[PDB]
């Protein structure tokens, strides 16, 4: 049926027209690629014959629902990819048993909020990619206080329009060493003052949004910052509004990735010098 890539270790089962998890596979399998298969639903213990799973790819499997305890057995799974599944229902315990999950990829899974996302138990989670979804709020649920290992959070291409100070409230009780935050390609046109106060970010992606200006000293408390994207935004370079950001981008050209340009001229924000 599938295609053995690594004996008793890795197999390729995509494009085979499967509706159920294959059984004619070594119970030692570590990596399984079940992508592009009409699984439709995932009941409890859907992966029982795979106690040795570390990587599971379920991308585009027409999955509509994941019941409670779907991966209950997979206790050694570190990477789970669910990209492209039209999830119309996610059980409270859908991710029960995943006590070693480090990477959860849920791009394009009709995710509308992070509140009803049963991941508050995956304390080992390091990377959460929920890009290309319907998330409208950047309000990080309280359960994010237990994900003390998260270093990558990709919320790009969603429906976030603002960034309030309360949004990152949770990130003050952990801590979180090197957290790379992507919020690019969002209908974002507003950021609230000090929204990143007492916050420690290594990378910040805010490019290709709807930003015309940002609060003064918005990036004051941020010495852990190594990279930042702000390019492709309708920056208003009228002074003294663009004063703070022009000075900052110029005095931090190394960090900045790409180039934030003025709207109506194309001039780099870092080049603008506001008169006192």
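Numbering follows the first chain given and starts at 1.
Averaged over Cα atoms, the B-factor as recorded in the entry is higher for 84-92 than for the other of 178-186 and 84-92. When the two stretches 191-199 and 128-136 are set side by side, the higher mean Cα temperature factor goes to 191-199. Between the residues 59, 64, 49, 232, the entry's highest C-alpha temperature factor is the one at 49. In the deposited entry, the Cα temperature factor of residue 116 sits in the top third of values across the chain's modelled residues. Sort the modelled residues of the chain by CA B factor and residue 146 lands in the highest third. When the CA B factors of the chain's modelled residues are split into thirds, the value for residue 98 lands in the highest one.
Ranked by Cα temperature factor within the chain, residue 225 sits in the highest third according to the deposited record. Residue-level temperature factors show residue 74 in the highest third of its chain, judged at the C-alpha atom.
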